[PDB]
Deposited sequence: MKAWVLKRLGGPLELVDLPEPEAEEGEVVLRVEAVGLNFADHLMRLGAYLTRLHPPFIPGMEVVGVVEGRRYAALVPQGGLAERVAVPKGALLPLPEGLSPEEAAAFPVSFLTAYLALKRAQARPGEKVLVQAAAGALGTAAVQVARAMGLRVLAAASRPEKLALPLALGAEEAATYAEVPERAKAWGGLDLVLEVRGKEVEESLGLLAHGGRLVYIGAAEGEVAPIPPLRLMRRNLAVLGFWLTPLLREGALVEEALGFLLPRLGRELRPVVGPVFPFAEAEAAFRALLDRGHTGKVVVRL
């Protein structure tokens, strides 16, 4: 089969022929239709991610494909950018009839991240939440999920031209980063902040109201947190996938809404042949939505 392999960290990808995947006991081989790319994939190629994969390896962790006539979505540790991938039956995610392969590929990581992040910060109906990079994959997903949870959303992005989408998705207000401080004050401070910028985190903390919580998805002075009983929660999706209880709960909330009130935003779609281009699109702040590779 054809597949993209990264032989060296920081190196280029290579289109190669590889042996067909062999499904071990409990696994199925799904023929890939689409692959959703994540910034995490970019960091893994540089060896700068929480998980350190040793080359050579096939990039791609968010896959959508067919198994015996039925389409499923799945999170794999690697092997995405290939014609076929072996996947544990238990990781298979059933999709609603009619969901396109592209929209399905933009769902797993973003929506699970948004929901589990808010769920962990104990977001309650009516609470005020700031969503950054609100026109991106995670952002658009965050706005929709927060809305479904009954939260009041303040979306922020870098350029005015990126604000229409988040506003359309349900945000109460959308603002450029420069104006967030004044909006937070106008809102009486925020209850939650989904931090993806990571730079001046101390500034994000200043936007929080008493009891506020920042989810970290430039050190933090432990004293600014006391005055207002603030909390900073570090977040990393991968380890959470191993917790059946959490997952089941999240899927019990997300799945019945997939294709209905929750509609993953597909961004640039690249053909299999343009894998390198798709990876660069992950770096183009200008793109909106999820970067997807279609086979």
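Compare the deposited sequence with the modelled residues and state the ranges that are missing C-alpha positions. Missing from the model is only the stretch 218-224.
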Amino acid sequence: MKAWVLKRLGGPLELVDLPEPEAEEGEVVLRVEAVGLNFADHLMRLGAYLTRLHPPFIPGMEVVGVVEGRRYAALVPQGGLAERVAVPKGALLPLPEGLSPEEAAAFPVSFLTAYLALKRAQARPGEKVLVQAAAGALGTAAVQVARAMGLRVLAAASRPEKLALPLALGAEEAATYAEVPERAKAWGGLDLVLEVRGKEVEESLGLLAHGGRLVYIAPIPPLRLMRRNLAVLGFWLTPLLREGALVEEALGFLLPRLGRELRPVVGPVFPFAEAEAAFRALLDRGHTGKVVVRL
From here on, numbers count along this sequence of modelled residues.
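Which is higher on average in the deposited entry, the C-alpha temperature factors of 279-287 or of 8-16? Comparing 279-287 with 8-16, the higher average CA B-factor belongs to 279-287.
207-215 or 89-97, whichever carries the higher mean Cα B-factor: Higher mean C-alpha B-factor: 89-97.
Please work out which residue in 191, 202, 182, 172 has the highest C-alpha B-factor recorded for this crystal structure. Going by the entry's C-alpha B-factors, 202 comes out highest.
Taking the chain's C-alpha temperature factors as the reference, tell me which third residue 42 falls into: lowest, middle or highest. As the PDB entry reports it, the C-alpha B-factor of residue 42 lands in the middle third of its chain.
For residue 119, return the chain-relative third of its C-alpha B-factor as stated in the PDB record: lowest, middle or highest. Answer is middle: the recorded C-alpha B-factor places it there.
Should residue 158 be placed in the lowest, middle or highest third of its chain by the C-alpha B factor in the entry? For residue 158, the deposited C-alpha B-factor lands in the highest third.
When the deposited Cα B-factors of this chain's modelled residues are ordered and cut into thirds, is residue 139 in the lowest, the middle or the highest one? For residue 139, whose C-alpha B-factor we compare with every modelled residue in the chain, the answer is the lowest third.
Hey, what third does residue 263 fall into on Cα B-factor, ranked over its chain? For residue 263, whose C-alpha B-factor we compare with every modelled residue in the chain, the answer is the lowest third.
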